[PDB]
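These notes are about the structure you will find just below.
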Ligand SMILES: *[C@@H]1O[C@H](CO)[C@@H](O[C@@H]2O[C@H](CO)[C@@H](O)[C@H](O)[C@H]2NC(C)=O)[C@H](O)[C@H]1NC(C)=O
Ligand SMILES: *[C@@H]1O[C@H](CO)[C@@H](O[C@@H]2O[C@H](CO)[C@@H](O)[C@H](O)[C@H]2NC(C)=O)[C@H](O)[C@H]1NC(C)=O
Ligand SMILES: *[C@@H]1O[C@H](CO)[C@@H](O)[C@H](O)[C@H]1NC(C)=O
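Residue numbers (my numbering), protein chains in the order written: chain R, 1 to 107; chain Y, 108 to 179; chain V, 180 to 251; chain U, 252 to 746; chain X, 747 to 796; chain A, 797 to 846; chain C, 847 to 978.
Listed below in structure tokens is the structure:
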């Protein structure tokens, strides 16, 4: 199981804003979390592994934090190529469960 | 089947009552008493065998209660 | 429960095989052999008791095979 | 408090050795400790939680059959084959029936035959194991001395809910003011996991040991199923009818859930819905207590005019509680509690609340204490002698010692050599008793176990008779030792 | 006890109750030594293939 | 003795002597099972609620 | 380069079975696990299962009990997923990637993570439509 709730479901913001996402787990997933972008109908890309680490080749405007069950993803400056559906994902205990998703809209 | 090997003296006890709460013991005793009550002829046969083999009194009583308990 | 009293020597036979078709007998023998194989210490204790009480050889063998078969 | 009327409760005296006291505590009971200072704490154990299990096994309990193919060769040429014997998902069996021209073939023999059936499964046993990590014990440690709302109510925030895991250590806990208490658990000497299997049926679970669970029938399947259905058994389940001569047939044996429950009698049960909520089992703390005030000495003997608002309230050999209501201008002070005898004062009791204290104003503070085995005058007032109460603990001295001996026999029973660790500060004698009973119970370990109630008491009476036959004074280490341990173990087990 | 709320701190009695509904059953029947027939085929030898 | 699909021929004293609650042939309304110590079992933990 | 390539989109009948390939390039094919993940269009992502290339153990989730099969070819460095008993809910986009590898066999979580699930190496996507 491990229900993973992702919040909020959809957001709209202007270019250059700072946006944060919150994912909550029903169990302790202490560091096992991943954050992904998905451009619609495209080939998607990892953003954050271990809920705190950038992938090499990802620009530095992305970040993540959180330890226990509540986790915060953060884009410092929103850019027009960052309109995507964003997912958080547990890795622990292996009925491997995704978040629901978070769509973005540019103002 | 799993009708038997009824997980008895394995260990693993605790302060609290385990599953049947002293009902399986009386279950065992009452069913062997019921089976003795239904089939008296085998009890008489076991008593005769106890009187024939052994012949010291304690050995007689031991193998008699065993041949009452040998039923599956 | 109805785990036991397994309707064995009641009578009522016929020419044809009844329910388990000579599988319950091997079931009984294999489970008591398996239980002896898992718990050797009680077998050693039964052997010591057989050597102590009785003391004629046939009585020893009899009560030893009985105390292997006394398990529920 | 949180420990009254939960009887079989574990009084502990002595703190010597500096501060360390060895306590063995379990889910069923709780432990009340005492010292010459450092006020009385109550150790109640609540839920165990094994966080991350791993699934080792699936047993099918109900099954159904379909597609039902069968075939026969000929009389003694050919033993029959069938193309759907290729899958192990099908169950198959050879037999021999008869064949003749009536059947059509020829040569009039007893020819072989096969039968086959596809094996589909209903609800299962989902047996899991846990390592001796990923598991926490939650202990509520709660102090005495006042605070009405209920000398019971384990629900409620007065005692701290401290966790402990084998990945942790000295277990520092804080209370209101004085209660810096360090607990050093040894959870690896507890239930002795890697010999346990949690066993989940449709709603319930049980804790059965590993060799039994591997040894059990009702088809095998390993933990890598997903697209498995590869049950490597089925001689224990589905049975094949063969009448007198002709065609044989397949028979589902039915649900064995009742037979399963009858198998796992004598095993502790467990609720397992939210991850795990593991229960009954014990653990072993060493307790260090420096770091402890008495919730203030720092006060005065109070003025007077108290008032009872509750009854006499005897619990469980002596522990009697009295709830008093201070009236006056206290500015919270102590309570001049004494347990006296009659005139020409011979004051002899004990107070297990040590330094009880009034709270801010009118609030019904409550006090527990132990009188002697007879008449007693429990007194609480001072200057106009304000209030005496008569009380008669029926009791005995000899009966109290005998009941304590029965408690010690039950500790020589269910809880093992940890109950030799249940005292403290023993040095030579307690440690050598623990080691001696360690090797002794190891010799009476597996090592004459696995036997039921009836057979244990019967092997007890036969071995006590052969000890009674009295050869060369081996009858002691025979007869009296073995008869005591076998009878007092056999009538107490299977609880 | 007073945690439970009552008083006098004892080992008090308790009951429990449950309504009993039944699934599929054993429908055991008996027969008298009448109302029963044996069917016997008696057949002769001497030819008649098939 | 009829189960869900099958039947067996067992003698009478055994079948009367068997556990798994009794009920006589004149039920239709009743559900008056005069047994149930052999079936439904009551958990009692250490002290509290059963 | 670091690359995976999947097969083209397919349309199958209800109750049939479909086979989707996943070919690897740019690394040593037995140095990572392969994992299959679905996505319905009106839904987010959903994990299907797991195969190991070295050796070939598999597992899957409870929603695909007995419906999915995973094989491979070590010579071509390719992983085959075969979904059986197709119904209309199976119409989705399918995905396959690479896990950091507990050397021997699958499903581990304690070696510090998998590290993606599944968008670093993964491929281009296989659309599967169940229709009449
Ligand atoms: C056990 O503790 C709870 C928590 O303190 C008690 O509930 C309180 O009762 C007092 C009585 O006046 C109320 O003033 C509080 O508001 C209650 N606390 C709540 C509702 O959180 C409970 O009464 C205690 N048990 C018993 C049997 O008294
Ligand atoms: C067993 O007996 C039946 C009944 O006699 C046989 O069926 C007959 O077969 C002959 C063969 O030519 C036909 O002419 C008849 O019309 C059949 N009777 C029917 C259909 O009622 C049957 O063949 C016999 N079995 C064998 C193996 O010979
Ligand atoms: C089993 O029988 C059903 C029809 O009842 C059929 O649809 C199915 O294909 C059969 N399966 C096999 C393996 O023969």
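Ideal Cβ positions, reconstructed from N, Cα and C, are used throughout, including at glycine.
Given that residue 843 of chain A touches chain U, what residues does it touch there, using C-beta distances under 7 Å?
Those are 257, listed as they occur along chain U.
Just how far apart, CA to CA, sit residue 933 of chain C and residue 895 of chain C?
Taking the straight line joining both Cα atoms gives about 18 Å.
Taking 6 Å as the cut-off, does the CB of residue 751 of chain X come closer than this to any heavy atom belonging to ligand 1?
Yes.
Assuming residue 121 of chain Y and residue 519 of chain U are in contact, meaning their beta carbons sit under 8 Å apart, how far apart are those beta carbons, in whole angstroms?
Their Cβ separation, rounded to whole angstroms, is 6 Å, which keeps residue 121 of chain Y and residue 519 of chain U in contact under 8 Å.
Less than 7 Å between C-beta atoms, sequence neighbours within five positions excluded: which residues of the same chain meet that for residue 501 of chain U?
Same-chain partners within the cutoff: 316, 319, 366, 368, 489, 491.
Using the DSSP secondary-structure output, state which residues sit across from residue 272 of chain U in a beta bridge.
DSSP output for residue 272 of chain U lists U:538 as bridge partner(s).
According to DSSP, simplified to helix, strand and coil, what is residue 251 of chain V?
In the structure shown, residue 251 of chain V sits in coil (DSSP, three-state: anything other than H, G, I, E or B).
With a threshold of 7 Å between beta carbons, is residue 238 of chain V in contact with chain Y?
Taking Cβ atoms only, chain Y reaches closer than 7 Å to residue 238 of chain V, which makes this a yes.
For a contact meaning CB atoms closer than 9 Å, what does residue 806 of chain A contact in chain V?
Neighbours of residue 806 of chain A on chain V, chain order: 186, 189, 191.
Whole alpha helix (DSSP H) runs in the segment 430-510 of chain U with 4 or more residues, listed along the chain?
As far as the segment 430-510 of chain U is concerned, its whole alpha helix (DSSP H) runs of at least 4 residues are 461-466.
Consult DSSP for residue 189 of chain V and reduce its assignment to one of helix, strand or coil.
The answer is coil: DSSP assigns residue 189 of chain V none of H, G, I, E or B.
Below 7 Å on C-beta distance, what does residue 45 of chain R contact in chain B?
Within the model displayed, chain B is absent; protein chains R, Y, V, U, X, A and C are what it includes.
Between residue 90 of chain R and residue 29 of chain R, is the Cβ-Cβ spacing less than 7 Å?
Yes, the pair counts as a contact, with Cβ atoms nearer than the cut-off.
Looking at the strands, I want to know which residues DSSP matches up with residue 346 of chain U.
Bridge partners of residue 346 of chain U: U:364.
DSSP beta-bridge partners for residue 867 of chain C?
According to DSSP, residue 867 of chain C bridges with C:926.
Quick check: residue 47 of chain R and residue 71 of chain R, are their CB atoms within less than 7 Å of each other?
Result no, Cβ atoms of residue 47 of chain R and residue 71 of chain R do not sit closer than 7 Å.
Please compile the residues from chain A whose C-beta is within a distance smaller than 9 Å of the C-beta of residue 152 of chain Y.
Per Cβ cutoff of 9 Å: no residues; residue 152 of chain Y is ~19 Å from chain A at best.
Might you give, ordered along the chain, the residues of its own chain that have their beta carbon closer than 8 Å to the beta carbon of residue 562 of chain U, omitting 5 neighbours on each side?
Cβ neighbours of residue 562 of chain U beyond the five flanking positions: none.
Could you confirm whether any beta carbon from chain V is found closer than 7 Å to the beta carbon of residue 493 of chain U?
So, interface residue.
At a cut-off of 6 Å, is residue 319 of chain U close to ligand 3 when judged by its beta-carbon and the heavy atoms of the ligand?
No, ligand 3 has no heavy atom inside 6 Å of this Cβ.
Say whether the segment 574-586 of chain U touches the segment 526-542 of chain U, bearing in mind that this needs 3 or more beta-carbon pairs closer than 8 Å, one atom from each stretch.
Because the criterion of three Cβ pairs below 8 Å is not met, the segment 574-586 of chain U and the segment 526-542 of chain U do not touch.
What residue range is occupied by the uninterrupted beta strand (DSSP E) comprising residue 294 of chain U?
Element bounds for residue 294 of chain U: 292-301.
Consider the C-beta atom of residue 698 of chain U and the heavy atoms of ligand 1; say whether any pair is separated by less than 6 Å.
Residue 698 of chain U Cβ: outside cutoff for every heavy atom of ligand 1.
Residue 409 of chain U bridges to which residues according to DSSP?
DSSP lists no partner for residue 409 of chain U.
Closer than 8 Å by beta-carbon distance: list the chain A residues that pair up with residue 180 of chain V, in chain order.
Near residue 180 of chain V (Cβ distances below 8 Å), the residues of chain A are 815, 816, 834.
Please look up how many angstroms separate the CB atoms of residue 616 of chain U and residue 407 of chain U, rounded, as I've assumed it's under 8 Å.
Contact doesn't hold; Cβ gap of about 17 Å is too wide.
Exposed or buried, residue 731 of chain U, counting other C-beta atoms within 10 Å across all chains shown (16 or more means buried)?
Flag for residue 731 of chain U reads exposed.
Are residue 890 of chain C and residue 100 of chain R closer than 7 Å when you measure CB to CB?
Yes, the pair counts as a contact, with Cβ atoms nearer than the cut-off.
Does any heavy atom of ligand 1 sit closer than 6 Å to the C-beta of residue 43 of chain R?
False, no ligand heavy atom lies under 6 Å from that Cβ.
Does ligand 2 have a heavy atom nearer than 6 Å to the CB of residue 796 of chain X?
For ligand 2, at least one heavy atom lies less than 6 Å from the Cβ of residue 796 of chain X.
Could I get the ranges of all uninterrupted alpha helix (DSSP H) runs contained in the segment 209-246 of chain V, with 4 residues as the minimum, in chain order?
DSSP runs (the alpha helix (DSSP H)) wholly in the segment 209-246 of chain V: 219-231.
Hey, does residue 829 of chain A have any beta-carbon neighbour from chain V nearer than 7 Å?
Answer no: the Cβ-Cβ gap between residue 829 of chain A and chain V never drops below 7 Å.
Below 8 Å on C-beta distance, what does residue 403 of chain U contact in chain A?
Result: empty, since nearest Cβ-Cβ is about 10 Å, beyond 8 Å.
So with CB distances below 8 Å, who are the chain U contacts of residue 218 of chain V?
697, 700, 701, listed in chain order.
Given that residue 564 of chain U touches chain X, what residues does it touch there, using C-beta distances under 8 Å?
The answer, in chain order, is 748, 753, 754, 755.
If distances are taken between C-alpha atoms only, which option among Y:123, Y:136, Y:124 comes closest to residue 706 of chain U?
Among Y:123, Y:136, Y:124, the Cα nearest to that of residue 706 of chain U belongs to Y:136.
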